[PDB]
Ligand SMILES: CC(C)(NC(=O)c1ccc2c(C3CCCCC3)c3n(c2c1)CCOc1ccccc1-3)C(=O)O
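Single chain ahead, by itself, as structure tokens, in the form solved without the ligand.
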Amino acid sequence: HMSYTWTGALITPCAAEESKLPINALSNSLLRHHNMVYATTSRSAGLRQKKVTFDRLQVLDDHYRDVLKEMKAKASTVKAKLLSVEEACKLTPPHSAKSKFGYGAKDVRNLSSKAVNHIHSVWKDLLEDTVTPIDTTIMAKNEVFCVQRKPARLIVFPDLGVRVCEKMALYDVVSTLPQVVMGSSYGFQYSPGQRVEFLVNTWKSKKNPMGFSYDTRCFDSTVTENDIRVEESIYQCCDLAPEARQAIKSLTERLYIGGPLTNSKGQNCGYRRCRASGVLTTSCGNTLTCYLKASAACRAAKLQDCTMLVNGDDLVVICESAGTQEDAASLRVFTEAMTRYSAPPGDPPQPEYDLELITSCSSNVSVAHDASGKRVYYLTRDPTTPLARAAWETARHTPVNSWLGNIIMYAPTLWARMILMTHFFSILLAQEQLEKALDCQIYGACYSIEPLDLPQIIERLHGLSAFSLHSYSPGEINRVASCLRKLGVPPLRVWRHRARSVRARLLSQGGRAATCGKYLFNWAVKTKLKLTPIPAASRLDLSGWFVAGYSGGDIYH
């Protein structure tokens, strides 16, 4: 029952890979300790292969089957539609990996006869054959981090024609089923502001609250054949078109359960018997399985009044405390149950008695004050990885602009406002690229966003207070200041000096640029302008921004 078997063939790159931080004329204005920033490359794929390869044993008890029966009762209320080839084509990212069969992502998006004809033949083969393993490509991800070096994470994905078929069969399922099955526990239905609100209300709902985050070691590799067949039985509870039922059974048998792994040079690398990290069902499958195992583990541990918050492989549990020592024993029982379910831990879970000390989705709740002096809870994170990635993005154009995603998701934070906004608006002004749409990812889905639209996006997700927050916590200020000294980033007083210049330069341009100056940088002036709702914000189609998670799902919105 191994997660993977290997031939010895290498996981090969597609292009030239850079590991050392690229340096340009802008680099030093952001970060001086260049040797601390690195990117992962295929050179470390061999080490990751060793980490992800292990035997999985599963012991399933009555708590497991009880929770599964409850989940299936809710899943039976879902009605899902089959997307047309055209609808599925339009969900494809413009820079999605080209097919092996003579067409790419732009051919798909343009509904080219060749792409559409190949997608129809892949679909027909899914209906007619429910046995043949489907080919997948295995790649090493190129991701940026700060030292203290991680080996490259791996991505496993089927061909472009298969990905369009996955959308046709399961896009509606993976978008609507998780919230129906898990209700308020489904994390991807919330904006960061709604996630904060859910965490605070849950913490308050408990007489003596205790909370913990549970880190499953290499989650995708812990997902067994049973787990993948169980996820399929959940999808099959939906009211579905006969062709969708057949395609879902086919995709589960031929792709989701496992299959051969091919490198970028066409060599057989081995065989996968665990979750594929680059399929449409990665996020939904991970969320459902994590929620199932954790809800059953909570019953086995006799945890009282358990509220879960699940996002793929990320899990937060808030419950009633039995006192510090009993909570510690309780958590070891929870961990034993998770382990029997084939979800052992990385770091052992730690009981927390302060909401602000729980780290989940690399984030924590913190408090600041709005213009009226009222306490405001918001989500923040250690800014090390956002800052290492901003330094890379200062000297290189990348497919996903992490700085833009981070300003969107962490707009109320002291570090996104003072550093990211200041640095990148300065760069965009110098290149007159404020109107240029840039790609970013929100809950794994790809978006093409113009930086000029940031005031309206921030207002809609976080409210006007995101432009007024002040009197940040001593703990939060200390973590930001320590991160700056560690990376060789100029102190906050420098960013404030720079922001006044960036603000003045934006206001000069007028129009949408002046709105960016006015709203994004009001924190930088001593005589603060009165901020009122932006008329353009109501018009924004913020559609399925926070409906579901799509990590590795090849989704463009």
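Note that residue numbering begins at 1 and tracks the sequence as displayed.
Form solved in complex with the ligand: not shown, discussed below.
Using a 2.4 Å cut-off against backbone and C-beta atoms, the ligand, superposed onto this form from its pose in the deposited bound form, places 3 or more atoms that close, and the site is blocked. The putative spot formed by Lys74, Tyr291 and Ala294 is not touched by the ligand in the deposited bound form; no residue has a non-hydrogen atom within 4.5 angstroms of it. Residues within 4.5 angstroms of the ligand in the deposited bound form, judged by any non-hydrogen atom, belong to 481 to 489 and to none of the other stretches in 229 to 237, 430 to 438, 319 to 327, 481 to 489. The contact with the ligand in the deposited bound form, taken as any heavy atom within 4.5 Å, belongs to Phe424 out of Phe424, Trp123, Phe157, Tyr103. Of the candidates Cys165, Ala391, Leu255, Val173, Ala391 is the one whose heavy atoms come within 4.5 Å of the ligand in the deposited bound form; the others do not. Not displayed here, the ligand is approached by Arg498 to within 4.5 Å at the level of heavy atoms in the deposited bound form. At least one heavy atom of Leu420 is located within 4.5 Å of the ligand in the deposited bound form. None of the heavy atoms of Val502 is located within 4.5 Å of the ligand in the deposited bound form. Among residues of the shown chain, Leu387 is one whose heavy atoms approach the ligand to within 4.5 Å in the deposited bound form.
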